[PDB]
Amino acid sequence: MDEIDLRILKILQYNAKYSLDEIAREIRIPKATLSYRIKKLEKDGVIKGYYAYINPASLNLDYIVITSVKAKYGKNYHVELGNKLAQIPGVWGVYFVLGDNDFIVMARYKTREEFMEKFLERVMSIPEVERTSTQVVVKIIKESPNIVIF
């Protein structure tokens, strides 16, 4: 893609509901050309889709947690554990990272009780788990994963 695509994405990452006319005027290109470029970005897998940004508080998601999960070595324990973690309701992020050489799991729940029942108790029952450390998020300074172009 080119610089024009980047300018388009820079806008769509923040507000996908801006009419074509508005965007066409901002970047200075024919509306039909804008539409074409957008359709091409979607087809090329650049734009994966469009989502509504919902306020977690509105859904009473008050118990936010980030958990480190260490896996037992051998067989295929690591890859398997990653998959089991990602299937847990409430879990939106699962990453394997170097340094701690383990999984970092991002999740959201309405209450401590839900967290315990849906997440912790389930993870505690997984035998290939060596250790876990749950950091309770008590403050979200910033959370805009949608912003990929600064």
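We number the residues from 1 along the sequence you see.
Comparing 37 to 45 with 83 to 91, the higher mean C-alpha B-factor in the PDB entry belongs to 37 to 45. When 62 to 70 is weighed against 118 to 126, 118 to 126 comes out higher, by mean CA B-factor as recorded in the entry. Of the candidates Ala107, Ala32, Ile104, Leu98, the deposited coordinates give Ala32 the top C-alpha B factor. Within the listed group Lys17, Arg131, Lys10, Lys142, the record reports its top CA B-factor for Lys17.
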